[PDB]
Each structure stands twice: as structure tokens, then as C-alpha cells.
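Working notes for the structure below.
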2 protein chains.
Amino acid sequence: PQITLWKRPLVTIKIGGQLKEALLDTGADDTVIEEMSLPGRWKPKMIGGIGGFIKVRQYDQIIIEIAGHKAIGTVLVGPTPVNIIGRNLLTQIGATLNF
Amino acid sequence: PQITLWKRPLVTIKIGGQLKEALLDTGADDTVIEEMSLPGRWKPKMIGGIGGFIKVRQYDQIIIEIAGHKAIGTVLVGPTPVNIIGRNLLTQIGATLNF
Ligand SMILES: CC(C)CN(C[C@@H](O)[C@H](Cc1cc(F)cc(F)c1)NC(=O)O[C@H]1[C@H]2CO[C@H]3OC[C@@H]1[C@H]3C2)S(=O)(=O)c1ccc2nc(NC3CC3)sc2c1
Ligand SMILES: [Cl-]
Ligand SMILES: [Cl-]
Ligand code: NA
């Protein structure tokens, strides 16, 4: 699709069999989603945005569908205010910015 | 142009007569720039992101040049760790996300 930015670019994602809403975010290096249960081991990561830092759990090689496009990659789980799809997965679904 | 997302989508902006580097950020509703002077009236605002809220100054009807493209809109000025071009100005330069 071609998505304009007059509204938030929200899409549905599917992860862990569940549907969630998430923001397509070119300003985010990584994908960050709210508290949920994921399989496997996790590693620590401390990620910074506006306001300061949060601690998150990093899960690698997680299967996730984004607007119907399959991706497999790193998902950070933590107390984010919104689910964010960052560049690590936007690149897997072939997203570009165009003007 | 077509900007891929392998790296941060950083562009040069001109604002308040200054040159700055800024991130094209589809996950940002508003444009947020590090501390600088701008002419005219302003009012305070609180904006939240991953690590909580920061207080900014809201300046309306500011002209900015973004990667060569002129636009006008509201600019928030405050202690953001990175200059961010948000949807309120990305729409004006005709930016879209495509995949
Ligand atoms: C969290 C989003 C929902 C909003 N944000 C935009 C994101 O694109 C930020 C951009 C950013 C990049 C950085 F480099 C550093 C930063 F401080 C900020 N991304 C990010 O925090 O990413 C993090 C995480 C992702 O992985 C890595 O990448 C970078 C780091 C790191 C860990 S925002 O900035 O908080 C924002 C902007 C304007 C605005 N307008 C408003 N209007 C009111 C509602 C009416 S509210 C509001 C909120
Ligand atoms: Cl505006
Ligand atoms: Cl349009
Ligand atoms: Na003004």
C-alpha cells in the first residue's frame, strides 16, 4: 500500500496468535511492544526516547505479521505507551518513505 | 526521493534561519526540535513518548525547509534527544509510506 500521514499510520499486527494495533514508525530503530508473553530466552536492553529510558526484554527471531506481511525478527517488550513497528521490521516488509 | 530504511532517515532542515539534521518520523504526530530561539508567540505544552513526558514551547505558523521542500506548521521546541519531523509537516511535503 501507499500510506499517507494525515492520520496515525496504524496497522494490525499478529504475534503470538493475537491481533494487536501498532504504529508504523520510521523514527524507531527497533520494534517495541507492550507487555505480553513470548517464547524463548530474552536479553536486556535499555532504550531511550522522549522523556528518558525504559528497560525492555529483547526476544530474537519472533514471528510477526505486519499488515499481512510476514516478518521474523527482534521484538522488544516493555512499558511503551504504544506498540511501535521500527526499522528492523519495516525493512523486512519492504517499506520506504517517498516524497 | 525514495528513502530506504536501512539507516535512520535523516535529512537537512532549515528552520529559524539555522541548518539542522532531523529524523523523518512517521510515529511522531508533531515536529519536535531541540532548544533554539524562534520568533513570535508560544505556549507551553507537555508531550509524552517512550520514557515519559517533556515540557516544550509550542510555536505556530513556522516555516521550515525539509530536504528542499518548504512547509509551514506548528513546531515544538524542547529537550528532545533528536530533532524529529512529525506528521504535521511530513504531510505538507507529500511524504508517504509505501510497501
Ligand atoms: C514513541 C512514539 C509513539 C512517538 N515518538 C516518535 C518516535 O519515532 C521516537 C522518535 C525518537 C527517536 C530517537 F532516536 C530519540 C527520541 F527521543 C525519539 N522513537 C523512539 O523513541 O525510538 C526509541 C526506541 C526505538 O528504538 C530506538 O530508536 C530510537 C529509540 C530507541 C528505542 S516521540 O519522539 O516520543 C513523539 C514525537 C512527537 C510527538 N508529538 C506528539 N503530540 C501529542 C500527541 C498529541 S506526542 C509525540 C511523541
Ligand atoms: Cl501544524
Ligand atoms: Cl496527500
Ligand atoms: Na507563530
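We name chains A, B, ... following the order of the C-alpha cells; residues begin at 1 in each chain, and ligands are numbered from 1 as shown.
Every protein or nucleic acid residue with an atom no more than 7 Å from region 10-24 of chain A, counting only C-alpha atoms and leaving out same-chain residues fewer than 3 positions away, appears here: residues 38, 63, 64, 65, 66, 67, 83, 84, 85 and 86 of chain A; 26 and 27 of chain B.
With the cut-off set to 6 Å and only C-alpha atoms counted, chain B residues close to chain A are residues 1, 2, 3, 4, 5, 25, 26, 27, 49, 50, 51, 52, 53, 54, 80, 87, 91, 94, 95, 96, 97, 98 and 99 of chain B.
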- Task: Using DSSP on the backbone coordinates, identify the residues of chain A assigned to alpha helix (DSSP H); present them as a VMD selection string.
- Result: chain A and resid 87 to 90
- Message: Please determine, counting only C-alpha atoms and all ligand atoms, which residue among B:39, B:61, B:68, B:74 has the shortest atom-to-atom distance to ligand 1.
- Response: B:74
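Atom 5 (N, counted along the ligand's line) of ligand 1 lies 21.7 Å from CA of residue 42 (chain B).
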- Output as a PyMOL selection string all residues of region 9-91 of chain A that backbone DSSP marks as strand (DSSP E). chain A and resi 10-15+18-24+32-33+43-49+52-66+69-77+84-85
Go ahead and write the selection's residues with C-alpha atoms as a PDB file, in the first residue's frame.
ATOM      1  CA  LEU A  10      -1.759   2.307  12.485  1.00  0.00           C
ATOM      2  CA  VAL A  11      -1.835  -1.261  11.225  1.00  0.00           C
ATOM      3  CA  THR A  12      -2.856  -4.604  12.618  1.00  0.00           C
ATOM      4  CA  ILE A  13      -0.121  -6.958  13.637  1.00  0.00           C
ATOM      5  CA  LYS A  14      -0.321 -10.616  14.620  1.00  0.00           C
ATOM      6  CA  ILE A  15       2.132 -12.008  17.141  1.00  0.00           C
ATOM      7  CA  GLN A  18      -3.065 -12.474  18.794  1.00  0.00           C
ATOM      8  CA  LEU A  19      -4.028  -9.359  16.862  1.00  0.00           C
ATOM      9  CA  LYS A  20      -2.717  -6.031  18.074  1.00  0.00           C
ATOM     10  CA  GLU A  21      -2.614  -2.493  16.786  1.00  0.00           C
ATOM     11  CA  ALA A  22       0.771  -0.935  16.126  1.00  0.00           C
ATOM     12  CA  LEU A  23       2.247   2.269  14.743  1.00  0.00           C
ATOM     13  CA  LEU A  24       4.444   2.138  11.645  1.00  0.00           C
ATOM     14  CA  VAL A  32       8.772  -2.193  20.834  1.00  0.00           C
ATOM     15  CA  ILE A  33       5.509  -3.655  22.068  1.00  0.00           C
ATOM     16  CA  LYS A  43      18.244 -10.389  26.863  1.00  0.00           C
ATOM     17  CA  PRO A  44      18.272  -6.947  28.495  1.00  0.00           C
ATOM     18  CA  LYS A  45      18.112  -3.670  26.635  1.00  0.00           C
ATOM     19  CA  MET A  46      17.660  -0.098  27.788  1.00  0.00           C
ATOM     20  CA  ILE A  47      16.073   2.121  25.166  1.00  0.00           C
ATOM     21  CA  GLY A  48      15.701   5.863  25.116  1.00  0.00           C
ATOM     22  CA  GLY A  49      13.150   8.180  23.645  1.00  0.00           C
ATOM     23  CA  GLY A  52      14.029   9.202  29.139  1.00  0.00           C
ATOM     24  CA  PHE A  53      14.786   5.460  29.210  1.00  0.00           C
ATOM     25  CA  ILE A  54      12.832   2.255  29.755  1.00  0.00           C
ATOM     26  CA  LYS A  55      14.095  -1.264  30.411  1.00  0.00           C
ATOM     27  CA  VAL A  56      12.793  -3.813  27.933  1.00  0.00           C
ATOM     28  CA  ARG A  57      13.071  -7.541  27.247  1.00  0.00           C
ATOM     29  CA  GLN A  58      14.634  -8.416  23.903  1.00  0.00           C
ATOM     30  CA  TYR A  59      13.320 -11.523  22.150  1.00  0.00           C
ATOM     31  CA  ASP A  60      15.035 -12.520  18.904  1.00  0.00           C
ATOM     32  CA  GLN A  61      13.657 -14.343  15.847  1.00  0.00           C
ATOM     33  CA  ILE A  62       9.978 -13.826  16.742  1.00  0.00           C
ATOM     34  CA  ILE A  63       7.380 -14.478  14.038  1.00  0.00           C
ATOM     35  CA  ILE A  64       5.216 -11.443  13.461  1.00  0.00           C
ATOM     36  CA  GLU A  65       2.792 -10.451  10.762  1.00  0.00           C
ATOM     37  CA  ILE A  66       2.534  -6.733   9.955  1.00  0.00           C
ATOM     38  CA  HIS A  69       3.281  -9.166   5.625  1.00  0.00           C
ATOM     39  CA  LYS A  70       5.279 -11.902   7.360  1.00  0.00           C
ATOM     40  CA  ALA A  71       8.408 -10.880   9.264  1.00  0.00           C
ATOM     41  CA  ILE A  72      10.733 -12.750  11.648  1.00  0.00           C
ATOM     42  CA  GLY A  73      12.996 -10.717  13.901  1.00  0.00           C
ATOM     43  CA  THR A  74      13.734  -8.968  17.174  1.00  0.00           C
ATOM     44  CA  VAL A  75      10.863  -7.728  19.305  1.00  0.00           C
ATOM     45  CA  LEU A  76      11.424  -5.591  22.422  1.00  0.00           C
ATOM     46  CA  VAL A  77       8.800  -5.949  25.125  1.00  0.00           C
ATOM     47  CA  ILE A  84       5.830   0.578  17.654  1.00  0.00           C
ATOM     48  CA  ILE A  85       6.997  -1.140  14.449  1.00  0.00           C
TER      49      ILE A  85
END
- Could you please determine the separation between CA of residue 30 (chain B) and atom 29 (C, counted along the ligand's line) of ligand 1 in Å, to one decimal place? 16.1 Å
